[PDB]
Amino acid sequence: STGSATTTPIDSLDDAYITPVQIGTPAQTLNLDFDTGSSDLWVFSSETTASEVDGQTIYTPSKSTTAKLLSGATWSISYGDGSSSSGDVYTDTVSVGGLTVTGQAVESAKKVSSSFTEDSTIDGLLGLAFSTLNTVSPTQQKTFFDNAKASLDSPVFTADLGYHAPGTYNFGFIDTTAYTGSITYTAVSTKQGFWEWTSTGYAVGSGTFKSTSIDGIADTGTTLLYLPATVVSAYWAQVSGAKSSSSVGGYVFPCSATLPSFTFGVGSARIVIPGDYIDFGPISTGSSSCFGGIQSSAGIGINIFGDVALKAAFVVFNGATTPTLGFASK
């Protein structure tokens with residue numbers, strides 16, 4: 001089997017991407033944030049505290065003939081940005097882009113944090129990291145990918161995120177029309193439950209490439225590119241008037257600037273992030289200070305190749321017995 005679904009930016013900045021997902025029978029279509037940095041499929045639901053729902057589409061298990069309570073199971077998750085959610089669990093039929101899994105754990109939110117409530121465009125998350133990070137207790141549950149894997153033509157999914165445009169998530173096949181050149185594969189560590197890999201270095205603009213190992217995660221659920229402070233300082237030093245603002249919470253730059261590109265290494269290959277991908281616009285409406293899309297990881301504990309980096313590539317998440325990542329230009 002295969003599946004193929006379009007993923008669409010939630011706003012003009014590409015802050016996140018939503019993908020329609022069919023849950024239940026008859027289908028209830030919810031727009032989920034596919035997150036390669038977490039492992040829970042959770043949804044706004046008929047159980048979510050009413051004051052915490054503001055425009056999201058909800059899953060109503062009682063209206064699904066295939067829903068079954070997963071008795072005793074609860075979940076609770078906290079994300080890198082400080083957001084959180086928790087609740088109970090149903091199993092149901094879940095389809096993405098024509099690919100169906102029966103018996104998928106669908107984590108029904110009873111509570112969500114303010115950032116989720118305030119984002120009316122995101123109806124929940126679909127985790128695509130390794131199932132070792134799934135938070136369901138007392139019986140950990142599998143991701144949609146892990147449940148689908150054995151049925152897929154190839155045990156892979158791909159992320160092809162657009163810059164200010166829709167893109168695609170494919171499951172079970174590699175669309176050889178979707179990228180240019182060849183795909184460079186690189187090793188993955190699953191020790192922390194993430195798609196963790198080591199970049200071979202970076203360049204700023206037309207500068208020389210610096211060979212240096214940068215361990216980090218491929219995380220579709222993170223907007224920005226978070227890298228070591230040395231690398232980030234080297235980038236923003238090439239932008240007149242850029243500075244790190246403790247009041248704003250990262251590097252800002254004059255909205256009048258033209259940003260340089262940023263290149264990262266994948267083995268001997270190179271992925272170039274155009275400068276415009278690094279512009280996240282005014283810090284507040286009407287400001288002439290703009291927020292940068294490359295930020296320091298120093299206060300995180302991990303480097304994160306988030307959407308700023310991933311949308312410059314066609315990215316293969318190879319879930320074979322020995323997982324690997326692949327990157328191609330496009």
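Quick note: residue numbers are just sequence positions, from 1. Below, all heavy atoms of this structure are taken into account, side chains as well, without hydrogens, waters or symmetry copies.
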Trainee: When the aromatic ring centroids of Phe291 and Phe280 are compared, is their separation below 6.0 Å?
Mentor: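 Here the rings of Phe280 and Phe291 have centres that are no less than 6.0 Å from each other.
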Trainee: Compute whether any side-chain donor of one residue and acceptor of the other, for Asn134 and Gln141, lie under 3.5 angstrom apart.
Mentor: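 No.
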Trainee: Do the side chains of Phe317 and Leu325 get nearer than 4.5 Å, heavy atoms only?
Mentor: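 Yes - at least one pair of side-chain heavy atoms lies under 4.5 Å apart.
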Trainee: Are any of the side-chain heavy atoms of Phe305 and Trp197 separated by less than 4.5 Å?
Mentor: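 A side-chain contact under 4.5 Å exists here.
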Trainee: Taking the six-membered ring for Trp, is the centroid-to-centroid distance between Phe264 and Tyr202 below 6.0 Å?
Mentor: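 When the ring centroids of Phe264 and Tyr202 are compared, they turn out to be at least 6.0 Å apart.
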Trainee: At their closest point, which heavy atom of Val239 faces which heavy atom of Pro260, and how far apart are they?
Mentor: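 So the two residues come closest at CG2-CD, 3.6 Å.
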Trainee: Are the side chains of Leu32 and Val43 in contact, using a 4.5 Å heavy-atom criterion?
Mentor: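 Yes, their side chains come closer than 4.5 Å.
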Trainee: Of all the heavy-atom pairs spanning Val266 and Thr184, show the shortest one and how long it is.
Mentor: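 Between these two residues, the closest heavy atoms are O-CG2, 3.5 Å.
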Trainee: Are the side chains of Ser64 and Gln28 in contact, using a 4.5 Å heavy-atom criterion?
Mentor: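 Touching, per the 4.5 Å side-chain cut-off.
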Trainee: Do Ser62 and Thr60 have side-chain N/O donor and acceptor atoms under 3.5 Å apart?
Mentor: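 No, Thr60 and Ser62 have no side-chain donor paired with an acceptor closer than 3.5 Å.
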Trainee: Indicate the ring-plane relationship of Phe34 and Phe171, choosing parallel, tilted or perpendicular according to the 30° and 60° boundaries.
Mentor: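 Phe34 vs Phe171 ring planes: perpendicular.
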Trainee: A side-chain contact here means heavy atoms from C-beta on lying under 4.5 Å apart; do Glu196 and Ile302 qualify?
Mentor: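 Result yes, sub-4.5 Å side-chain heavy-atom pair found.
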Trainee: Check whether any side-chain heavy atom of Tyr226 lies under 4.5 Å from a side-chain heavy atom of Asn303, and answer yes or no.
Mentor: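 Of all side-chain heavy-atom pairs linking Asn303 with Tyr226, none is under 4.5 Å.
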Trainee: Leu133 and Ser39: which non-hydrogen atoms are nearest, and at how many Å?
Mentor: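 Answer, listing the atom of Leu133 first, then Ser39: CB-OG, 3.6 Å.
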Trainee: If you measure only the distance, is there a donor-acceptor pair under 3.5 Å linking the side chains of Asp92 and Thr66?
Mentor: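 Yes, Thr66 and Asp92 have a side-chain donor paired with an acceptor closer than 3.5 Å.
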Trainee: Which atom names give the shortest non-hydrogen contact between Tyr235 and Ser261, and what distance separates them?
Mentor: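 That would be CE1-O, 3.7 Å.
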Trainee: Do the side chains of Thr100 and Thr93 get nearer than 4.5 Å, heavy atoms only?
Mentor: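 Yes, close enough: below the 4.5 Å cut-off.
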Trainee: Taking the side chain as every heavy atom from C-beta outward, state whether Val89 and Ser108 have any atom pair closer than 4.5 Å.
Mentor: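 The answer is no, as the side chains (C-beta and beyond) never meet within the 4.5 Å cut-off.
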Trainee: Indicate if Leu69 and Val101 have the same hydrophobic cluster label, given that clusters are the connected sets of ILVMFWY residues with side-chain heavy-atom separations under 4.5 angstrom.
Mentor: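 Yes: a chain of side-chain contacts under 4.5 Å links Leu69 to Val101.
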Trainee: Does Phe262 have its ring centroid less than 6.0 Å away from the ring centroid of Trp236?
Mentor: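 No, the ring of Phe262 stays outside the 6.0 Å limit from the ring of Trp236, centre to centre.
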Trainee: If you count the non-hydrogen atoms of other residues, nucleotides and ligands that lie under 6.0 Å from NZ in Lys210, is the total more than 12?
Mentor: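 Atom NZ in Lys210 is not crowded, with 12 or fewer foreign heavy atoms closer than 6.0 Å.
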Trainee: Any chance you could lay out the side chain to side chain donor-acceptor pair (under 3.5 Å) test for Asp35 and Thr220, step after step, and finish with the verdict?
Mentor: CA-CA 5 Å; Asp35 180 14; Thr220 58; 4.6 Å; no
Trainee: Is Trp75 reaching over with its side chain to a backbone N or O of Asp88, donor-acceptor style, under 3.5 angstrom?
Mentor: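 Such a contact is found between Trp75 side chain and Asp88 backbone.
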Trainee: For a quick test of reading the model, state the closest non-hydrogen atom pair linking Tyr17 to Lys311 and the distance between them.
Mentor: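 Nearest heavy atoms, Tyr17 then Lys311: OH-CD, 3.3 Å.
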Trainee: Any chance the side chains of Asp175 and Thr177 put a donor and an acceptor closer than 3.5 Å?
Mentor: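 Present: a donor and an acceptor within the cut-off.
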Trainee: If only side-chain N and O atoms count, and only distance matters, is there a donor-acceptor pair under 3.5 Å linking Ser120 with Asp54?
Mentor: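 Looking only at side-chain atoms, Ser120 and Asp54 do not form any donor-acceptor pair under 3.5 Å.
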Trainee: Strictly by modelled atom types, are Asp153 and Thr2 linked by a side-chain donor-acceptor pair under 3.5 Å?
Mentor: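 The criterion, which ignores hydrogens and geometry beyond distance, is not satisfied for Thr2 and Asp153.
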Trainee: So, for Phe44 and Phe116, is the gap between ring centers shorter than 6.0 Å?
Mentor: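 Centroid distance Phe44-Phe116: not below 6.0 Å, so no.
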Trainee: State, to 0.1 Å, how close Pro254 and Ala242 come at their nearest heavy-atom pair, and which atoms those are.
Mentor: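 Looks like CD-N, 4.0 Å.
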